[PDB]
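In case you want the letters, here they are:
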There are 2 protein chains.
Amino acid sequence: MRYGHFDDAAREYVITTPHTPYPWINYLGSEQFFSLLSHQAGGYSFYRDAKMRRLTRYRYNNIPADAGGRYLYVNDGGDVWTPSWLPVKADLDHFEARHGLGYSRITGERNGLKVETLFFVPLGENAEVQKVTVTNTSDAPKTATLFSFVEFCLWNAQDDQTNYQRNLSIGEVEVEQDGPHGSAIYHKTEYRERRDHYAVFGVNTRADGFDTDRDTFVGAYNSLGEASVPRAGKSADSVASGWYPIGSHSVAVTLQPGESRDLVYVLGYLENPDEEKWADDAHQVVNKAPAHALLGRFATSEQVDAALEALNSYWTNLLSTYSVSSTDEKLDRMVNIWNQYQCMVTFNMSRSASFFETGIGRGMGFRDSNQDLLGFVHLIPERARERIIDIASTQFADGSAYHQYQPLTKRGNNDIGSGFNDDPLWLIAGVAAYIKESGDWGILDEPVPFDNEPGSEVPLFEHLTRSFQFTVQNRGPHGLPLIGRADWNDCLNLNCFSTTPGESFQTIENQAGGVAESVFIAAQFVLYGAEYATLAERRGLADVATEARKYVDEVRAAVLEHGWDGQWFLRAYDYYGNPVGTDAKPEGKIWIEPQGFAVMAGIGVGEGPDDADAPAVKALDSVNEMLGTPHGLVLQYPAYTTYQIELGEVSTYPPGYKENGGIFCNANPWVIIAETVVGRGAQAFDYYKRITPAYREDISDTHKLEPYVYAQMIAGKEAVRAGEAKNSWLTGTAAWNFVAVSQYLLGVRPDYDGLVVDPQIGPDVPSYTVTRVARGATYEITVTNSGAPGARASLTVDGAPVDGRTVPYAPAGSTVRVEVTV
Amino acid sequence: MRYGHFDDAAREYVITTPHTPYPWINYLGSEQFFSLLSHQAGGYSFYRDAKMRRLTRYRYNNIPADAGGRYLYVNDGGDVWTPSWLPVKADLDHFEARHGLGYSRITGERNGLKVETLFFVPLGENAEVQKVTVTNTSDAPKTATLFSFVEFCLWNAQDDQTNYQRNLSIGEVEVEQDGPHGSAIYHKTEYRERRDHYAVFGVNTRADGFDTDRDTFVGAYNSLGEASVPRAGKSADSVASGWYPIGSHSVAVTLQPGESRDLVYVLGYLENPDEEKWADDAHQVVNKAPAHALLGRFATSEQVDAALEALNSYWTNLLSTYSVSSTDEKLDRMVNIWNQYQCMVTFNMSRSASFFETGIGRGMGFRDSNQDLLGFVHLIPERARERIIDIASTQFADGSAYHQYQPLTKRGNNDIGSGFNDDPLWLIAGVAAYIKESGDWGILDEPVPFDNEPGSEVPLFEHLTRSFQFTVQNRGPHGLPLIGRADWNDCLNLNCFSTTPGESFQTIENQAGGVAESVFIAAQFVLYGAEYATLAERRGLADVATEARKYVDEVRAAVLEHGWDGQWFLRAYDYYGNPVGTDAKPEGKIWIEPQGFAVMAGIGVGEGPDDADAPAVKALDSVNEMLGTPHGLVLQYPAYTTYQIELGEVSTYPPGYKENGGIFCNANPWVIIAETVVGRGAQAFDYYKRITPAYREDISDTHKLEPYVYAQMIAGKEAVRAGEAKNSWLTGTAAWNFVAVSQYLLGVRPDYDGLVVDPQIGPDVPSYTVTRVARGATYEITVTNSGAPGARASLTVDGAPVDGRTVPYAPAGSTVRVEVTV
Ligand SMILES: OC[C@H]1O[C@@H](O)[C@H](O)[C@@H](O)[C@@H]1O
Ligand SMILES: OC[C@H]1O[C@@H](O)[C@H](O)[C@@H](O)[C@@H]1O
Ligand SMILES: [K+]
Ligand SMILES: [K+]
């Protein structure tokens, strides 16, 4: 059961019906201006920050879902329809939506008129451009009137949705029917006061009519599907004063048989300097100069086409760093196109704004943006470098950090909680990934403030020291790191004990004292603490490095001595020192996070995959047996069936959802990587397939959400909805699966001084070639892979055998030809 | 131009079409459980607190407005319609909605089936009850299936609308088709964890089927008007897991011509003790005991009719304290029914939850609840006493207060700002009003904490001292009170200077220093500081009262020496010491608030209304000429046409709306009362009529909002929407207009030791009788009123002349007969 198909050649997912299981969206824009666009044109646009500068209005939990967005009502003979199907839902002769890289096309045809709209955000522009092609597909001349529609948001999305007592009186527009390139509407709410920015909605023709008042265009008592103006066949030329500003133009079109016409529409974000805000001395008329400029940049079809081609070439360049050619077209399209595109989206969006995240409370996460860098550093390392400096600037002098920052201002806030004790080490992970990818050791000398405070700058390396020493100096009675509010699992809140509803577990005040410790953070510390030691060694700091490796040794030993339950790693100790994630308890016996992470860190790894005695093997067998399902690995088993006061939010989910028995996808890749470490390629690859979009496309009707991107959660076996996803697009799962597949399964992974080539994928991919650009050289990596259990590669480079699996980095302009035998 | 009419005998407003200019609501409930109910059954319900315990979901800014509520879909041979008209919008043969005191009835008829629903919140119950009567009005048998529908909210409304990434997995329900009185659905989201409460939706018959999943009931791609289940003609028996829980039952009914059937539905809020939360040892099944009991209390039509009659008698009793019989039926319906009913609603809701206030950021206001007490103390003095203690408990030791408190917890917060310097004086105003009404001097001895701190309790009188002294100790260079963040006008922010958007002026950090002073607070202190001085003397604190009288006299002199512009009172001095509200500036020349309040306080009052040299008369004449429009008096003139950085939020509204040139109705009765003080009854009554619902009913298409309640703002003459109101129901306009008409125009006003009888209403009301119950005796006050300017009453009581206009309070069970000659 499928609603579409992948088009690899066009780098598109083609949706062949309006009637998907749920709205399926694309993101347009990769720089500072973003649009969410569903396959029914639903969604919204924002500049830098979805909460603070949201241009256009979108209703979450609408009835029906996704009724609202960028509509073009066609009136042909009194019949009104939209090519996006919603909101009018007229029967279409033909419908198709293609979601591509930074653009989508939606096409609807009815009664001899085909209307195709290309939507995209052009490079270097803070604007969503639409090119509409209307074609007369009948054998007689046709006429119709097209009515564009977008509903503006009053910038601050939180105020827009809750502060009507003020905001129904502040909506302001200007209307310019006869501008330099066509007609434009300006949405300028609050430009009278503190905003130096306004929006424009314009078209490259002189429109017959316009409307700026929603209530007049739609009509009293009517939904969008029943809009009065398009049914009457004539705009009302409404000029809004408060209430609900919109942008709408009417355009009369006439077409000979087989003839088409292109219209270009632009939604743009403009700023003026304070000294030039106004066209008039009375300060009532906005200075339209930047809007006129933008509209002249997209005044013709040739301009749109040229910008769409520049975007296509930009994607080709971005995707040229890592690619694979294998026997498996599903694996290839993920590695080559979709997983990398999704890593761009998560880099830009963090967990802020999707069709599930509402673009209000959540900004750029400290943990989330570090995990995202893992899968992003090969794509645009300069932008990764800058994101590291932004993130690190929100860290405090003691090594702890704001959990997230406001994207518009880059200042940290406590809006979704504070004191998550895994956050500091994630900074080490992101910088080490960055340095291995780029060889830019100089980033460690970059001056970086604490909490953006002028004069507080220290080199970025010293921030890593603060992160490292935060964990060293905050260990509990077993020598494991204190958990604080929660670790990577936000719902494991051991210092909470809340019995009173009203406040989120993520923000509620926690109690001081206790001895709550995390095995997860212990594993994270052994893994990334070893990276910090290497960075210190490279900087000549022999005493810092030696001491660092000693602490890493103590914590590893603490995990084996006090974090081991017998057949799997313990999860935590609670506030009173009682173990969590032990077979001694009836529920929450085994939790996935320490099994994946401890083994990734090398803890408990013995002689080989068939060392029965090794703790890593026992842990992974337990995972397989107790957490394994056909849709992936659940977070813990059994789920909790009653509220456990001492554990916080985790048991408040019904069993099989989110952190209580859900398949929490971000943790799956840790087990996939763990299995490659022990030498079980076939098992690692099997788990990759269970959660990976291209492999789940055939069950589109079960997964429900986009078949082309990872989601945060799939409902687990304990859920009546087992198999169904929530929270698509915005998840650490995108970066960490990209890591897993590109670096551990396919095995091509940068290290500080060379490229490790260490395939561990099992027999289902018996040969493949990776082309990898690293440190200015191209490595063509040809793999013959028996998939024999535990077998690891030997290499020949440019015809000479080499020792080991690391190819020392070659000087730039090389093609290095690596032949791999597994 | 009208959409209904008043029915005085039934104490109802009758809306005779679905097609009003805006949804027109009623409030059900007077105690702890409340429903907002539109004339199309739209709205929602909550227990105590609209933010934290919202039982049912409502979308503000829905398209169309108010699509969502308590619906009853009728399927009659495949034809589907709702008697509320929305959401199906099928053509109705007859439609009527009647909004009454605590209940509403909505009736719709189509093709021989009439469906009438009575909605109400019964006394002493946390439930909304609907009694539905279906009548076959045709000449042949009918069969129809009735589908009830309500959509649940996940309690925390803020979370409900923003936190889908969590809350789409937590919705949980139980279904009980075979309960003790009929069928019921339980909505129990988070009852698993910290919540001790759940909602029930039940009907008093064994239903044919049920639905609890919205998406199954409504159908993919469908709006509520197109819901699949009612169109199919049978329930889907859906059991929700996450997503959107609803309550729906189906009942097939068969009726002979003329036959009717009653069905009783209940939406109830239930709590269990922690120890009795669960029916079963495993804690998986909710204890239904309180829901079964509730459903048993409304299992019959007779039980509903009894509760409805008890609610009618409760309102007859509440309205027996003050009533008027005159020759003006518009005046009498406002005084006897609608204004008192509104004051009950504002007492209960403050500014929290309406069709404009979103029941999220706003709780119970310190200023707001004190102003509302002014019009409520005579209705239920025992509840007003309790509210005073609740408010005063959120005051700090230095006399300043939290600006509002959370209704569920009664604890103050800064969610809409802090340091509004008019706040502390309002407490004195509320307590003086209460003691005058009740003679309950012992309230001053009640122990009241500061900021709810156990152990911090001082007598309530000492809180008034802290109020009084905060003003004394915070006056500026001219002897006028420092303004702080704002005074009563929340948009006058003289300490703000914000040039960067992103944060509300109400919450944004303010600048220390400057000399900004408020003439409004000066007046407020003269008026209420004088009451404090009286209270101090009555408490035996002679020297404290002598000191208080002296400070009142200082501030009074300062208003005339430094707060007088020439022809009207100044508004403020800004942060720099420059006057605000002076004829020296081009915009904002004259502000309404100090003209009304300074003259209420007696400042500038001369020999009589024809003393053209008295500053009060000059000021009121400038008000009439500069601020007076046919819709009421605007806040200031001219409105600001550009942003004035030193004045904060005010100039951010486009001219003619809200605080920038809007008719801000709460300030009008200050001018009405001021005009009675100077002896111009005719002009006072004129201003009362310009804004009063019964007088504006004849321009319902202009006003747009409910024609039976005051609104916060009517757009002013500078707006294109001149005459159109926003923010109905929840405004201090209701209490202050009640004070103006009952106590100053009709002239019947409690004082500490007697009842003042001082009519000042002009010639349009030449005879009337007030019946007033005060301090346990009833006063029958018969007024013969020439309305000649400046003529004041003389009284005879029980046949004997009295001196002056104060009738000393008679002992209980008197009928005191007062004859009044003006
Ligand atoms: O916070 C509440 C306040 O918000 C301001 O924007 C409005 O202008 C005021 O009228 C309102 O009282
Ligand atoms: O604040 C964000 C956190 O909210 C919690 O309610 C969810 O369970 C987490 O998955 C999420 O990461
Ligand atoms: K997480
Ligand atoms: K106010």
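Shown above is the structure to which this text applies.
Residues numbered from 1 in each chain as written, not as in the entry; some residues may be left out. Chains lettered and ligands numbered in written order. Heavy atoms only, no water.

Draft legend 1. How the structure looks around the nonpolar core. Counting residues in hydrophobic clusters, the biggest one holds 266 residues, and the most contacted among them are B:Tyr73, B:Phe597, B:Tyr688, B:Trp736, B:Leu746, B:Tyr779 and B:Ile781. Per element, the largest residue contribution to this core is 13 residues, and it comes from helix 12 (residues 519-538) of chain B. Aside from chain neighbours lying at most four places away, what touches B:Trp736 is B:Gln371, B:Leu374, B:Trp426, B:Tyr528, B:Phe597, B:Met600, B:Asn666, B:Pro669, B:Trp670 and B:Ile673. Residues A:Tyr186, A:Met364, A:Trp488 and A:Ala694 belong to the second largest nonpolar core, which totals 264 residues. (Core = buried A, V, L, I, M, F, W, Y, C linked by side-chain atoms within 4.5 Å. Buried < 20%, exposed > 50% of the residue type's maximum accessible area, 1.4 Å probe, protein only. Helix = DSSP H or I, 4+ residues; strand = E, 2+ residues; numbered from the N terminus. Contact = heavy atoms within 4.5 Å.)

Draft legend 2. Representation of the site of ligand 1. Around ligand 1, a shell composed of A:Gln165, A:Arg166, B:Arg362, B:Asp490, B:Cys491, B:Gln506, B:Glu649, B:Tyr653, B:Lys658, B:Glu659, B:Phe664 and B:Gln712 is seen. Neighbouring residues of ligand 1 are not confined to a single chain but are spread across chains A and B. In the model, an oxygen atom of ligand 1 is placed 2.5 Å from a nitrogen or oxygen of the B:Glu649 side chain. Within the complex, the protein chains bury 94% of what would otherwise be the 310 Å² of accessible surface of ligand 1. Taken together, the residues that form the shell around ligand 1 break down as three nonpolar, three polar and six charged. (Near = heavy atom within 4 Å. Polar contact = N/O pair within 3.5 Å; in protein donor to acceptor, adjacent residues only side chain to side chain. Areas by Shrake-Rupley, 256 points an atom, 1.4 Å probe, with all protein chains shown as cover. Nonpolar A, V, L, I, M, F, W, Y, C, P; charged D, E, K, R; others polar.)

Draft legend 3. Spotlight on the environment of A:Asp208. Residue and element names in this part refer to chain A. Turning to its location among the elements, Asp208 is positioned in the loop between strand 16 (197-203) and strand 17 (209-213). Exposure remark for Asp208: the relative accessible area of 52% places this residue in the exposed category. Between the C-alpha atom of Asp208 and that of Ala548, which follows or precedes it by 340 residues, the distance is 72 Å. Excluding residues that lie within four positions of it along the chain, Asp208 makes contacts with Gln177, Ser250, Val251 and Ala252. At a separation of 2.8 Å, a polar atom in the side chain of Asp208 contacts the main-chain amide nitrogen of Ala252.

Draft legend 4. Spatial organisation of the site of ligand 2. In the neighbourhood of ligand 2, the contacting residues comprise A:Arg362, A:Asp490, A:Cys491, A:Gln506, A:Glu649, A:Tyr653, A:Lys658, A:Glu659, A:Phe664, A:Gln712, B:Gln165 and B:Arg166. Residues close to ligand 2 are split across chains A and B. In the model, an oxygen atom of ligand 2 is placed 2.7 Å from a nitrogen or oxygen of the A:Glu659 side chain. Alone, ligand 2 offers 320 Å² of accessible surface; in the complex the protein occludes 94% of this. Its residues assigned to classes, the shell around ligand 2 comprises three nonpolar, three polar and six charged.

Draft legend 5. Just the pairing of strand 1 (residues 4-7) of chain B, in detail. All names here are of chain B. Here strand 1 shows one buried face, formed by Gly4 and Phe6, and one open face, formed by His5 and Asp7. Here strand 1 pairs with strand 2 (residues 12-15) via four bridges, running antiparallel. Within the sheet, the bridge partner assigned to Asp7 lies in strand 2 and is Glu12. Taking the residues between adjacent antiparallel strands as the criterion, strand 1 and strand 2 are bridged by four residues, where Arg11 takes a positive phi near 55°. (Pairing = 2+ DSSP bridges.)

Draft legend 6. Quick look at the sheet that holds strand 36 (residues 748-750) of chain A. All names here are of chain A. Taken together, three strands build an open sheet; the order of strands is 36-37-42 and the sheet is antiparallel. On the outer flanks of this sheet lie strand 36 and strand 42 (806-808), each paired with one strand and no other. Averaged over all adjacent pairs, the angle separating strand axes in this sheet is 25°, with direction ignored. Sheet topology places strand 37 (residues 754-757) next to strand 42; three bridges connect them, and they run antiparallel. Counterpart to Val756 in the pairing with strand 42 is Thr806. (Axes fitted to C-alpha atoms, helices over the stretch in contact; angles between N-to-C directions.)

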